[PDB]
Chemist: 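Have a look at this one before I ask anything.
Atoms within a ligand are numbered from 1 in the order they appear, just like the ligands themselves. These values consider heavy atoms only, across backbone and side chains, with no hydrogens, waters or symmetry-generated copies. Each residue takes its place number in the sequence, starting with 1.
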Amino acid sequence: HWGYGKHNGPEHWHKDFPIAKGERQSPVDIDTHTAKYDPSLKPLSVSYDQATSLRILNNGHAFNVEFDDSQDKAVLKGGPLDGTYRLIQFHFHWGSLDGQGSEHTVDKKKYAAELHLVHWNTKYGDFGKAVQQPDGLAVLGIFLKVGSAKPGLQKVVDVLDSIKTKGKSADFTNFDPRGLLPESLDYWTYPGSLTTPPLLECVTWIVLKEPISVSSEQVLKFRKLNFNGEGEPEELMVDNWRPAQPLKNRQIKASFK
Ligand SMILES: NS(=O)(=O)c1ccc(NC(=O)NCCCCO)cc1
Ligand SMILES: NS(=O)(=O)c1ccc(NC(=O)NCCCCO)cc1
Ligand SMILES: [Zn+2]
């Protein structure tokens, strides 16, 4: 099926997912000078105090930390959003080298990795219905650069040995996603898509200006994961990012000047 190799990578996805060539595909390059400041944008409201993480899963393309989304326990509101969006999972995209790995770029700059905190609009009842709607999801994207360690990431890093291969899951309770946030919640926003098949055009993207810094050892541990299942030939889970797609008829808005 689809993946990030030579024969199934992003340039091939359109053959099974023709929306790959659609009008609101993600990620994009964020040209910071042509983004328009919008004073009518509200600050983001991140309410993660009651978040309930449940488990961590290697799905063969990344690893997802999954949350209980059966109540308004961890929600995103405000910003460009109307209504309440519930956190369902977070995951990352990263590179084989510190010089690449992010999906969004900032004036063509690639970061070492990118965190996606995935939320769905509660007016649609569940994630499966939300992805069928143009305003169904809100993904908070946070860039990772290599520098000092991020202490709040370490519990993620340490469990990865237990989910090395595709299909492996592990209990992962009591993780606080607030430990992954930068100091500032200044953001860019634009309408886009899932960045993996099925590439559905259902996402309000909210990309934070301020990256978090993680240590070289932390991101090295991401690169020890496998795309393959256990007992299959080993292919390191690296470069699981889609490159920037045409902005087409879209304007990126900034919450800041
Ligand atoms: N459009 S897509 O989803 O990126 C895609 C690309 C390749 C394939 N299939 C494929 O490569 N099959 C042959 C695998 C031989 C490697 O052992 C399926 C889907
Ligand atoms: N990288 S991203 O744009 O934040 C993203 C988030 C969730 C998903 N989830 C997903 O595809 N789930 C499969 C079932 C719903 C799609 O029919 C995919 C990509
Ligand atoms: Zn993602």
Side-chain angles (χ1 to χ4, degrees), residues 1-22 24-28 30 56-67 69 76 81 85-95 100-105 110-121 124-144 156 166-167 169 177 180 187-208 222 225 227-229 231-235 237-245:
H1 208 314
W2 66 271
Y4 297 94
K6 286 197 224 257
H7 305 291
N8 64 352
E11 69 280 9
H12 295 281
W13 293 352
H14 71 95
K15 288 179 287 181
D16 286 283
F17 303 93
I19 199 173
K21 296 181 182 298
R24 54 174 290 185
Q25 290 288 297
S26 294
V28 298
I30 297 163
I56 187 169
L57 171 65
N58 181 334
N59 60 26
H61 308 288
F63 61 87
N64 292 348
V65 173
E66 296 174 349
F67 298 55
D69 65 348
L76 182 64
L81 305 173
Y85 290 66
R86 284 183 190 166
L87 179 65
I88 178 168
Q89 48 112 338
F90 68 81
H91 59 274
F92 311 61
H93 303 269
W94 61 91
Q100 67 193 33
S102 68
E103 290 196 321
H104 293 88
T105 55
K110 293 178 172 80
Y111 287 84
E114 182 171 339
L115 165 60
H116 291 159
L117 290 142
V118 181
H119 308 77
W120 55 273
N121 190 333
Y124 298 128
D126 70 9
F127 181 83
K129 301 289 263 207
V131 298
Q132 302 180 345
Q133 311 310 126
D135 60 350
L137 295 191
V139 184
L140 182 61
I142 300 175
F143 296 116
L144 279 63
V156 173
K166 179 178 180 179
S169 64
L180 298 175
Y187 62 88
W188 296 283
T189 185
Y190 76 96
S193 70
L194 304 179
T195 66
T196 59
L199 299 169
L200 295 171
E201 289 176 341
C202 61
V203 179
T204 297
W205 277 96
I206 300 167
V207 179
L208 297 186
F222 291 1
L225 292 167
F227 288 126
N228 52 289
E232 297 177 353
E234 181 176 5
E235 184 62 9
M237 182 180 282
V238 296
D239 297 315
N240 60 346
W241 51 275
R242 190 189 192 188
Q245 298 301 309

Chemist: Write out the residue and atom name of the closest protein heavy atom to atom 9 (N) of ligand 1, then the distance separating them to 0.1 Å.
Modeler: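 Nearest neighbour among protein heavy atoms for atom 9 (N) of ligand 1, to 0.1 Å: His1 N, 4.6 Å.
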Chemist: Verify, without hydrogens or angle tests, whether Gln25 (side chain) and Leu199 (backbone) share a donor-acceptor contact under 3.5 angstrom.
Modeler: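 Pair found, side chain donor or acceptor close to backbone of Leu199.
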Chemist: Report the nearest protein non-hydrogen atom to atom 8 (C) of ligand 2: residue, atom name, distance rounded to 0.1 Å.
Modeler: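 Protein heavy atom with the smallest distance to atom 8 (C) of ligand 2: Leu194 CD2, 4.0 Å.
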Chemist: Using modelled atom types and a 3.5 Å cut-off, is there a donor and acceptor pairing between side-chain atoms of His12 and backbone atoms of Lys6?
Modeler: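 Between the backbone of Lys6 and the side chain of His12 there is a qualifying donor-acceptor contact (under 3.5 Å).
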Chemist: Should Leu144 and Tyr111 be marked as a side-chain contact (heavy atoms from CB on, under 4.5 Å) after you check the CA-CA gap, both sets of side-chain angles, and the distance that decides it?
Modeler: CA-CA 6 Å; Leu144 279 63; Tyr111 287 84; 5.8 Å; no
Chemist: Would you compute the distance between atom CG of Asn121 and atom CZ of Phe127 and round it to the nearest 0.5 angstrom?
Modeler: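 Between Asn121 CG and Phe127 CZ, I get 12.5 Å after rounding to 0.5 Å.
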Chemist: Before signing off on this row, confirm whether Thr196 and ligand 2 have an N or O atom pair separated by under 3.5 Å.
Modeler: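 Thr196 vs ligand 2: no N/O contact under 3.5 Å.
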Chemist: Which option out of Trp120, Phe127, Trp241 puts a heavy atom nearest to atom 15 (C) of ligand 2?
Modeler: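 Among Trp120, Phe127, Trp241, the closest heavy atom to atom 15 (C) of ligand 2 belongs to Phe127.
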Chemist: Do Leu137 and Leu194 have side chains that get closer than 4.5 Å, going by heavy atoms?
Modeler: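 Sidechains of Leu194 and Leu137: in contact.
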Chemist: Centroid-to-centroid, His93 to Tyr4, below 6.0 Å?
Modeler: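 No: the rings miss the under 6.0 Å criterion.
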Chemist: Short list, please: which atoms of ligand 2 are under 4.0 Å from a heavy atom of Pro198?
Modeler: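 Result: 11 (O), 16 (C), 17 (O).
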Chemist: Examine the side chains of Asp16 and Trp2 and answer whether a donor and an acceptor come within less than 3.5 Å of each other.
Modeler: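 Not at all, the side chains of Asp16 and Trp2 share no donor-acceptor pair under 3.5 Å.
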Chemist: Closer than 4.0 Å to some heavy atom of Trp205 - which atoms of ligand 2 meet that?
Modeler: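 Those of ligand 2 that fall under 4.0 Å from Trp205 are 3 (O), 4 (O).
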Chemist: So which of the N, O or S atoms of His116 lies nearest the Zn ion (ligand 3)?
Modeler: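 Answer by atom name: ND1.
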Chemist: Atoms of ligand 2 less than 4.0 Å from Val118 heavy atoms?
Modeler: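 Here the atoms of ligand 2 in question are 4 (O), 6 (C).
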Chemist: Among protein heavy atoms, which lies nearest atom 7 (C) of ligand 2, and at what distance?
Modeler: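 For this ligand atom, the closest protein heavy atom is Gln89 NE2, 3.6 Å.
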Chemist: Do you see a protein non-hydrogen atom under 4.0 Å from atom 5 (C) of ligand 1?
Modeler: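 When distances to the protein are checked, atom 5 (C) of ligand 1 has a heavy atom within 4.0 Å.
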Chemist: What do you reckon, does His7 have a nitrogen or oxygen under 3.5 Å from a nitrogen or oxygen of ligand 1?
Modeler: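 No; the residue has no nitrogen or oxygen that sits under 3.5 Å from a nitrogen or oxygen of the ligand.
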Chemist: Between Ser26 and ligand 2, which residue portion shows a heavy-atom distance shorter than 4.0 Å: side chain, backbone, both, or neither?
Modeler: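 Near ligand 2, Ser26 shows nothing, with every heavy atom at 4.0 Å or more.
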Chemist: Go through ligand 2 atom by atom and flag the ones less than 4.0 Å from a non-hydrogen atom of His93.
Modeler: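 Counting from 1, the qualifying ligand atoms are 1 (N).
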Chemist: Please find out if less than 6.0 Å separates the ring center of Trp94 from that of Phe63.
Modeler: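 Ring centres of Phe63 and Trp94 closer than 6.0 Å.
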Chemist: Taking only heavy atoms of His12 into account, list the atoms of ligand 1 that are under 4.0 Å away from them.
Modeler: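 Numbered from 1, ligand 1 contributes 1 (N), 2 (S), 4 (O).
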Chemist: Kindly state if atom 13 (C) of ligand 1 has a protein heavy atom within a strict 4.0 Å cut-off, that is, under 4.0 Å?
Modeler: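 Within 4.0 Å: no protein heavy atom nearby.
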Chemist: Please evaluate residues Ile206 and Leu81 with respect to the criterion side-chain contact (heavy atoms from CB on, under 4.5 Å), reporting the C-alpha separation (whole Å), side-chain torsions for both, the decisive distance (0.1 Å), and the verdict.
Modeler: CA-CA 10 Å; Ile206 300 167; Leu81 305 173; 4.0 Å; yes
Chemist: Ignoring angles and geometry beyond distance, decide whether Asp16 reaches within less than 3.5 Å of ligand 1 through its nitrogen or oxygen atoms.
Modeler: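 Yes.
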Chemist: Does ligand 2 have any atom sitting under 4.0 Å from a heavy atom of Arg242?
Modeler: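 For ligand 2, residue contact (heavy atoms, under 4.0 Å) with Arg242 is absent.
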Chemist: Please evaluate residues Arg86 and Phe67 with respect to the criterion side-chain contact (heavy atoms from CB on, under 4.5 Å), reporting the C-alpha separation (whole Å), side-chain torsions for both, the decisive distance (0.1 Å), and the verdict.
Modeler: CA-CA 9 Å; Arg86 284 183 190 166; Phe67 298 55; over 6 Å; no
Chemist: Given side chains that start at C-beta, do those of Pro177 and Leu117 come closer than 4.5 Å, heavy atoms only?
Modeler: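 A side-chain contact under 4.5 Å exists here.
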Chemist: Measuring centre to centre across the rings, with the benzene-like ring taken for any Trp, is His104 within less than 6.0 Å of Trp188?
Modeler: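 No - the distance between ring centres of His104 and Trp188 does not fall below the 6.0 Å cut-off.
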Chemist: Are side-chain heavy atoms of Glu234 and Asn228 found at a separation under 4.5 Å?
Modeler: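 Yes, at least one pair of side-chain atoms sits under 4.5 Å.
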Chemist: Given the protein's heavy atoms, is any one of them under 4.0 Å from atom 19 (C) of ligand 2?
Modeler: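 Neighbour list for atom 19 (C) of ligand 2 includes protein heavy atoms (cut-off 4.0 Å).
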Chemist: Would you say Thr195 has any N or O atom under 3.5 Å from an N or O of ligand 2, going by distance alone?
Modeler: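 Min N/O separation from ligand 2 is below 3.5 Å for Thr195.
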Chemist: Short N/O distance, under 3.5 Å, between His91 and ligand 2?
Modeler: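 Yes: some nitrogen or oxygen of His91 is under 3.5 Å from one in ligand 2.
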Chemist: Taking 4.0 angstrom as the limit and counting only heavy atoms of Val139, give me the atoms of ligand 2 inside it, by number and element.
Modeler: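 Per the distance check, 4 (O).
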Chemist: About how large, to 10 degrees, is the angle NE2 of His91, then the Zn ion (ligand 3), then NE2 of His93?
Modeler: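 That angle works out to 110° after rounding to 10°.
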Chemist: Please determine whether side-chain contact (heavy atoms from CB on, under 4.5 Å) holds for the pair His91 and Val118, giving the CA-CA distance in whole Å, both sets of side-chain angles, and the decisive distance to 0.1 Å.
Modeler: CA-CA 8 Å; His91 59 274; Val118 181; 3.7 Å; yes
Chemist: For atom 1 (N) of ligand 1, is the nearest protein heavy atom closer than 4.0 Å?
Modeler: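 For atom 1 (N) of ligand 1 the answer is yes, since some protein heavy atom falls inside 4.0 Å.
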